[PDB]
Amino acid sequence: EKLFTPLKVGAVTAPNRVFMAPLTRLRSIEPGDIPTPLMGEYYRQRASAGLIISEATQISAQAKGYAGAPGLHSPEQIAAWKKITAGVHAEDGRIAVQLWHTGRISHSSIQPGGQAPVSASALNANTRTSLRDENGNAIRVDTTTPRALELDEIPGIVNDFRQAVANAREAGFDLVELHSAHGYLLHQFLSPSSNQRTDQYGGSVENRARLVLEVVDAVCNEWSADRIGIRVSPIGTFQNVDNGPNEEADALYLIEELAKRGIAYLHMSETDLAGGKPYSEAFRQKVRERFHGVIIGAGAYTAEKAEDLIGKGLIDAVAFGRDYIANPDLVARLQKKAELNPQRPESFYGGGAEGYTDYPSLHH
Ligand SMILES: Cc1cc2nc3c(=O)[nH]c(=O)nc-3n(C[C@H](O)[C@H](O)[C@H](O)COP(=O)(O)O)c2cc1C
């Protein structure tokens, strides 16, 4: 077993390789997109993780695409997150904040001014996002057609990432994870399917990767490269965003560029929940050749698959999603080969304590 051995992840040391994947749960307070004490309890319960990666969290109000997703842009949000990180640290845990801009996976009703959300191009996502009804319950609603960002608005987006990372540092997070996956704004620029721009932010892979690399450079300069992770989903299709006709080459280009910045980690979301073709060991080897920091894998991993690939030297850590929803002490359960609690997917999104903080540990 290597799963229960330590790993240096940039500025922090994880005591094990069992990480909590970023998991949107849509339980924040509105108005204000404010994290809550209940969210604090949930994260605290999971503090034995090698690393907790938070739910996706808005860099700005414009970034919002889901009712109930938290922000890290306002004073009230910063204060609330400070309490949550303090609780995780009281239990000797480590926590990263996942930072996103949802771009076109959003709805006008939750945007500033009730206006169309923004993206690389004016193309509808053709999916749904999660809003709230008049009683605060989660509902699924078709995405609004976005507006293409003007060239002159791009520096603002970079600055919003920079500022959110500054705020993350003040809020007591150990690391930040840039959400460059799953069809959200950074991925909308990366993908030729969602990016039809003719300026320097569209066309070639160098141009499509330009925004994400500008963000990486800004956040490394704001804090430190060893505080910065990035999540990518560069092989396959995610929320209708494919990775284009040269997905492997384009992925390896991006990864070679990221490596130059000396960032803490590369987190690869390998498939969506509906599944897809597995990563080849040859592709994994090509990623290792190009990236010199920690590599985290995710997507329907079992402990067995995680040990296999860590043992093979191809990845360093595994982020578990749904098993972490259901097992606050997943580390201990995996280490002892104990049964896991059953999952209740009906309470993944929205609601309250039920299906959130009521999954038990092995022992009380
Ligand atoms: C309810 C739920 C919410 C999710 N929210 C996020 C998110 O906020 N950010 C993200 O990058 N991935 C998100 N994902 C993907 C997970 O991080 C993770 O990659 C996936 O759940 C791993 O597969 P597993 O659940 O089979 O371990 C989410 C998944 C689920 C099931």
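Rules used in this analysis
Residues numbered from 1 in each chain as written, not as in the entry; some residues may be left out. Heavy atoms only, no water. Residues with missing side-chain atoms left out of burial classes, pairs and counts. Buried < 20%, exposed > 50% of the residue type's maximum accessible area, 1.4 Å probe, protein only. Helix = DSSP H or I, 4+ residues; strand = E, 2+ residues; numbered from the N terminus. Arc of directions from axis to C-beta. Contact = heavy atoms within 4.5 Å. Axes fitted to C-alpha atoms, helices over the stretch in contact; angles between N-to-C directions. Parallel < 35°, antiparallel > 145°, perpendicular 65-115°, else oblique. Left-handed = near helix turned anticlockwise from the far one by under 90°. Nonpolar A, V, L, I, M, F, W, Y, C, P; charged D, E, K, R; others polar. Near = heavy atom within 4 Å. Polar contact = N/O pair within 3.5 Å; in protein donor to acceptor, adjacent residues only side chain to side chain. Areas by Shrake-Rupley, 256 points an atom, 1.4 Å probe, with all protein chains shown as cover. Pairing = 2+ DSSP bridges. UniProt positions renumbered as here; feature names shortened; annotations may be inferred. Right-handed = clockwise from strand over helix to strand, strands pointing away.

1. Focus: helix α1 (residues 37-45)
Point 1. Considered for burial, the residues of α1 that qualify are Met39, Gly40, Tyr42 and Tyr43. Across the axial projection of α1, the buried residues extend over an arc of 165°, all falling on one side.
Point 2. On its buried side, α1 packs onto β3 (18-20), β4 (51-58), α2 (75-90) and β5 (95-100).

2. Considering the packing of helix α6 (residues 210-222) against helix α7 (residues 247-260)
Point 1. For the pair α6 and α7, interaxial distance at closest approach is 11 Å and the crossing angle is 15°. By the angle class used here, α6 and α7 are roughly parallel. For the pair α6 and α7, the crossing hand works out as right-handed. Here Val212, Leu213 and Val216 of α6 lie close against α7, whose contacting residues are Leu254, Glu257 and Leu258.
Point 2. Class assignment for the residues of the contact of α6 with α7 results in five nonpolar, no polar and one charged.

3. Some thoughts on the packing of helix α3 (residues 154-170) against α6
Point 1. Relative to each other, α3 and α6 sit at 35°, their axes nearing to 9 Å. Note that α3 runs across α6; the crossing there is right-handed. Contact with α3, carried on its side by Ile154, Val158, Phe161, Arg162, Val165, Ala166 and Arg169, involves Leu211, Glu214, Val215, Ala218, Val219 and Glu222 of α6 and no other residues of that element.
Point 2. Of the residues belonging to the contact of α3 with α6, the class tally is nine nonpolar, no polar and four charged.

4. Concerning the site of the ligand
Point 1. By nearness alone, 18 residues border the ligand, and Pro22, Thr24, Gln98, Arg231 and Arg322 come closest of all.
Point 2. Contacts to the ligand include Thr24, whose side-chain N or O atom sits 2.7 Å from an oxygen atom.
Point 3. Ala300 has a polar backbone atom sitting 3.1 Å from an oxygen atom of the ligand.
Point 4. A total of 600 Å² of accessible area belongs to the ligand in isolation, and the protein chains cover 92% of it.

5. A short note on the environment of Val97
Point 1. Structurally, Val97 is set in strand β5.
Point 2. A C-alpha to C-alpha distance of 9.8 Å links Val97 and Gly172, two positions 75 residues apart in sequence.
Point 3. When near neighbours in sequence (up to four residues on either side) are disregarded, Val97 contacts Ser54, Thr57, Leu72, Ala168, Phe173, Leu175, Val176 and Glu177.

6. Focus: the sheet that holds strand β11 (residues 228-232)
Point 1. With parallel pairing, the eight strands of this closed barrel are ordered in space as β3-β4-β5-β10-β11-β12-β13-β14. Going across the sheet, the axis of each strand differs from the next one's by a mean of 25°, ignoring polarity.
Point 2. As paired strands, β4 and β5 are joined by five bridges and run parallel to one another. Opposite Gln58, over in β5, you have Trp100 as the bridge partner.
Point 3. The strands that α2 touches are β4 and β5; relative to β4, the one it contacts most, it runs at about 170°.

7. Some thoughts on the UniProt feature "binding site: FMN" (unreviewed entry) in the chain
Point 1. Residues annotated in UniProt with the feature "binding site: FMN" (unreviewed entry) correspond here to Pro22, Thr24, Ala56, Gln98, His182, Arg231, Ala300, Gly321 and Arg322.
Point 2. Here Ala56 lies in strand β4.
Point 3. Setting aside its immediate chain neighbours within four residues, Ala56 contacts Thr24, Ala69, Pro70, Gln98, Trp100 and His179.
Point 4. Among the secondary structure elements, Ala300 is positioned in the loop between β13 (294-298) and α9 (303-311).

8. Brief notes about the UniProt feature "binding site: progesterone" (unreviewed entry) in the chain
Point 1. UniProt tags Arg140, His179 and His182 as "binding site: progesterone" (unreviewed entry).
Point 2. Counting through the fold element by element, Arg140 comes out in strand β8 (residues 138-142).
Point 3. Discounting chain neighbours no more than four positions away, the residues touching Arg140 are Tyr66, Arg128, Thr129 and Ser130.
Point 4. Among the polar contacts listed, one links the side chain of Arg140 to the backbone oxygen of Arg128, at a separation of 3.4 Å.
Point 5. Examined against the element boundaries, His179 turns out to sit in strand β10 (residues 175-180).
Point 6. Look at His179 and you get buried, because its relative accessible area is 3%.
Point 7. Those residues within four positions of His179 in sequence are excluded, and the remaining contacts are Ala56, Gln98, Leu99, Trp100, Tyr184, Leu186 and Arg231.

9. Notes on the side chain of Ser130
Point 1. You can see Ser130 is positioned in strand β7 (residues 128-132).
Point 2. We classify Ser130 as buried; its relative accessible area is 5%.
Point 3. Within the structure, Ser130 has its side chain in polar contact with the side chain of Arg140 (distance 3.1 Å).
Point 4. If near-sequence neighbours (up to four positions away) are discounted, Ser130 is found in contact with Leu26, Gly65, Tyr66, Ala67, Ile139 and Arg140.

10. Focus on the pairing of β11
Point 1. For β11, the buried fraction is high: five of the five residues fall into the buried class.
Point 2. Of the two faces of β11, both are covered, the one formed by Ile228, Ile230 and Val232 as well as the one formed by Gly229 and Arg231.
Point 3. Note: β10 against β11, five bridges, orientation parallel. Counted as the bridge partner of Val176 is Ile228 from β11.
Point 4. As paired elements, β11 and strand β12 (residues 265-269) share four bridges and run parallel to each other. The partner of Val232 across the bridge, within β12, is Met268.
Point 5. After leaving β11, the chain enters α7 and then returns to the sheet as β12, a path that is right-handed.

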